[PDB]
Every structure is written in C-alpha cells, then in structure tokens.
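Take a look at the structure tokens below, where one protein chain is shown in two forms, each on its own, as structure 1 and structure 2.
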Structure 1
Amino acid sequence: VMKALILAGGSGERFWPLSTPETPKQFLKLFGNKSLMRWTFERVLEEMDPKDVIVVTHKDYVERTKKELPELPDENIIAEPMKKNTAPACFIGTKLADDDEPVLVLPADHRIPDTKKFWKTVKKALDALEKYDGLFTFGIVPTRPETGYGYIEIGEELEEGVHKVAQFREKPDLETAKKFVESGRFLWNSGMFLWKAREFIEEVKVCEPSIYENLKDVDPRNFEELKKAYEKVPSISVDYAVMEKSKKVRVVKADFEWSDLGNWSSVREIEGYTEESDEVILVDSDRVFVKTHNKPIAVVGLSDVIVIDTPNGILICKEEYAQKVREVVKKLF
C-alpha cells in the first residue's frame, strides 16, 4: 500500500487576467475545462483508491478542494494554518502514513499528458525504493537554463535508469544553470518525490531539526495544535531544507513529457506561437502568443510578446518578463 500527498499551495498570480486573487493556481482550468488539481487527481485515481490520497492545503481552500474532488474523504484534506512552503507540508503529510509506507509527493501545478508512462516511472521508482531505500526524485532532461527549477547531478548508477544523486542544487544563478546544462551530467528536479515515511522523517530530524522538533508530536487534524506548532516553524521548501543536504538522495529518469505550469510562456511552450487568423493580425511581428476574446487583436512591430484578453483585463507581456506578471497583481490590488 502507498499514499499520495498532493501539495496545493499555488500562486496563480502570474496567470492574470485568467486568474483572480480568488482563484488560486490549483483551480485554474488552463486545459480541457479542468483545473490543474483535478487533472492531477484523475491521474492518481488511475492506479489508486481515494482513501490513500492526501491533500495538504491552506484552510481557506479546503471547502473548494472538496467540491473539486468529491471522491476524496473529508479526513483526507489536511487544513494548514499558514503557508510555510513544501518542507513542513511534506513532513506533516508523511506523518499520516505507517512508518514503512511509501509516500509519493506530487505538486498540483504540473502537466503530464501521459498517465501510463507516469505510472510506469512510479512503479520503477518503487522497486528502486524497496531495493535501495533513501529519498527519490524524478529527473527531467533540461532544454534551457531555467532558474526556478532544482538541478540534480547524476552519480553512481544503481541499475539501468536509476542513479545515486552526486549532488542537488536548488534554484541556481543563470550562468551556473547554463553550465549545468552544458555539462550534461544534470537533470531538472520534477518536484515530485518518493520516500518511505519513517526514513524521510529521520532525514528531516538530521537535515532540519527546527521542523522535526516542533512538528514530531502533532495531530495534523487538530487545527489549533497545528496552528501553534506552525508559529515556531519556518517557511522553507523540501529542496533547500532537505535535498541539498541529504546524502541518501536517488534519482530515476522520468520517461514522460512533463511541464511545470510556471507562467504564460509555459503555456506557449505547450501550445505554440499563434498564427494569423480573422481575429489575430500580425504585421512585422514574430513569435507572438495571443488569446482573443470578443474582438480582434493586432500586434504591430513586436516579437516574443504575450497578449491575453479576458473580461478581467488585458495582459501585454514580453516573454522574458512572464514571471513579472505577479507584480501586476501587487500594483492592481
């Protein structure tokens, strides 16, 4: 038996004017009239019973998370008192399993079209877990010097497709990322992890006692004791808090197309640049990503530009600045 832990803490700000501050990233229907989370949950339910799926998410989002995922038990959504990043959410979650039990940690914010290959990889990671223990990550081959992704160096090969992690470095500078990619000895951290519960808990004790010490005796369904416990706990990701530090990290190579729905360029990577139609007019404008609504849009003299038009507003953004659309949300509110 295994558990799945779904981390829903999203920041849909970057996706304005689709997203309002009301709709967290997780509930955005970027594809197929289905939220990121819903697609993620349907993917899990292909091989898993809802009983064994957990979602860790801030309390405001609980009531909606329930509406979105009616199959889930109520006891299975854990209400957090504060947004403390992934490490505390992982710990709190992993505690809900039996010491022995494998836990698959999954972000809600990803896109993975191939469910079967996804499970093919998970299965292959599980046998790995049983054979070698330690903490497992899923490596994606890099196609660019991305600065918001973690980077895993490949090490001693355990078996075909499975290696020890020589090192792990989260969110590096650009030129370093560039060198990692030029190297070939690195893969992107997918953001999904697999570990046995007891082992991960012991690694956090060593790696980040501040977390371990103040959360070890806590009941995740007692909101009050979890509130007061979180007051002593920091905001920090599993990656910084444990993976960079831990010497028992493993990586399996993901055999599936993967994407982090990070900002609008991200969506363009999936769909491709927009072509001229009756409602999109391009004069001296190349590599242009445009979403119309009621009326036509004309882009003149511009390239590598993103334009989005909803009832909420109109975004005109240069591609290298897609991450700064969050700032639009600071100013506009």
Structure 2
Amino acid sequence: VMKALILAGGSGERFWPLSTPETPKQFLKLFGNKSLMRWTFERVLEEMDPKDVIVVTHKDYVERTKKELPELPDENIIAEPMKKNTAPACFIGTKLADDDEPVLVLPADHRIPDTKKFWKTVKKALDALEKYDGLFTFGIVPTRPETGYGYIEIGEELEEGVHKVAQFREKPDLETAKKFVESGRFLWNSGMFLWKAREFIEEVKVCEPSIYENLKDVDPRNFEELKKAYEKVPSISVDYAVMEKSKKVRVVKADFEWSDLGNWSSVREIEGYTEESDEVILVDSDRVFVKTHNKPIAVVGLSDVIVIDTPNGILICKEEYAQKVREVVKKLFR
C-alpha cells in the first residue's frame, strides 16, 4: 500500500529551440521518442498499479497529461489553479493517501535509466521508513559545486545504508557549495522524497502553517475550492518550506545513475560529443555537440560549443553558458 505522487516540473526554457516558449520540460522528448514524463510514468508502473499514482499539475497541462499517460485515471490528475511550486502540490497530493500510507514523491522531468536499481533503492527506503519514520531523501554523490541543488549533510548511521540528516541546505551559494563537496560529508538531494502521508502533513503544520491551515479541509479534486485556497497559499518549494526546517530527515544513497537534465550540457553528458559526418563538419573544432535539422552544420575554430538547429531557431552556445538559454527565451518572448 503506497502512493506515488508525480509532480509537474517547471519550464522547458533551457531547451530552446526544441522547447516552445512556456512548455513544461516534462513534455520534452529528449530520448527514445518519449517525453521525460512518459518515461517517469513507465518507471513507476514497473511496480505500481496506475490507480495508486497521482499527477499533481497545473490545469493547462491536464489534457496533455491525459494524452501522455492514457493508463492514468482522470480522477488521479489533480489540476492546480496556479503555479505555487512543490510544497502545496506535495501537500494536496499527499492528503489523498491514508494517514499511515507511504507516498513516493517524484519529479516528472528527471532521467533514471535503470528502473530496477531505482526500485531497489525505493524498497530500501520503504523498509527504513517503517523502522524510523521521518522524511526520506535520496542522495547522489556530488561531482561538482552545483548551486541549484539541495545538499544533505550525512548524519548518524541509523543502519547500514540509511542515515539521519545533520542538515539540509537548499541552493547554497558557490563558495558554500564548494566547501560542502570538499568535506565529503554531503550528498545532493535528488529531488525525490518518501514519507507517510500523516507524518508529512504534520511537518507542514509545524514547518509552514500558511499551507496547512488553508488546505487541510480542501478537496483537491474540487477546482473551485482549490482555487480559493491556493490564492491564500504561498508559493514555495518543499525543500525550503519543509526539508530545510524539519528535525526528522533521513537519507538513503541512490543505487542508480541519475540526472535532473538542467540544460543542453546535461544532454551532451549522456549522449556524448558529436562526431564529424556528412551533416556535421568540424574544422579546428573539438568537443562540439550538434543537433542537425535539415542541412549540414559546419563549425570552424571553436571548441566546447553546443549547436542546436530546429524549425523554431538555432542556438549556438558556449558549453559553460548552457544555463543562460533561459535569458535567450526572456528576450525572444517578451
């Protein structure tokens, strides 16, 4: 008896020109001709009955979610009145479980190719959840001082493979993040969580009452009642709202390869640089990532660059600047 809560992700802005302007990243078909969301759903269905899966998402994306995920019952798509970030989404989705029921909370727009190792780790977390309670995170070994992740300080070994969390720090500044990675005492928050419904609801009561007092009585399926509640409700992530403040966080180490697919460089990391061919010509150019559309692309005198050609536009991006495609979209659709 478990529920799985799939959270709509944010914008596909950093994947321009593949991405149409406001389209959520979770709909991108970056691999195997299926959306990030679809692969996520299929990973969940490996062990779960679709009736036990909830997608909490903005109302605009409901119809396309139905289409991506025909196996999901319609009643299991909770349409949000507006974008309030993950804490209110978590709350309303979690409220649909029984008090004593675990809820696996998953972003829609990550990539985890080994679905068996994924479930291996989730089963270890479920067993640990039974023994220790608390809010469970899944930690990845950090390879860089990334400033858009949360950092989980590994605390006392509850048992082999499962630790308390000395502290949770969401999106530290660069110099803080450097020191974390350099200490060896931290893992990256993979952005997925596990908790028993009741226990998370009470942590929100304590941690962020503004959400709890307004949603506690709300029927998530009744849009009108949700819309009124959500206006009184603050926009904030679960990480800041709850994780950074809770006294009972636990971490398990991820048994699996993972990515949040932050930008075009994330994609290159997975597929590799592009080789020369009849469509990709490289003269004095190393470490290029090129996606051709309908014609040859030649790159001369430049290394460490991303070139993406689609009917919507062409991006030519110095690798280390891949985050700034956000700014391209700001200028293009203002």
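For clarity, a rigid core is taken as the largest C-alpha set superposing within 1.5 Å between two forms. Numbers follow structure 1, counted from its first residue as 1.
Fit the rigid core and compare the CA positions between structure 1 and structure 2: of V56, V267, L28, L282, just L282 moves by 2 angstroms or more. Fit the two forms on the rigid core and the C-alpha of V300 turns out 2.3 Å off between structure 1 and structure 2. The rigid core superposition between structure 1 and structure 2 gives a CA shift for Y321 of 1.8 Å.
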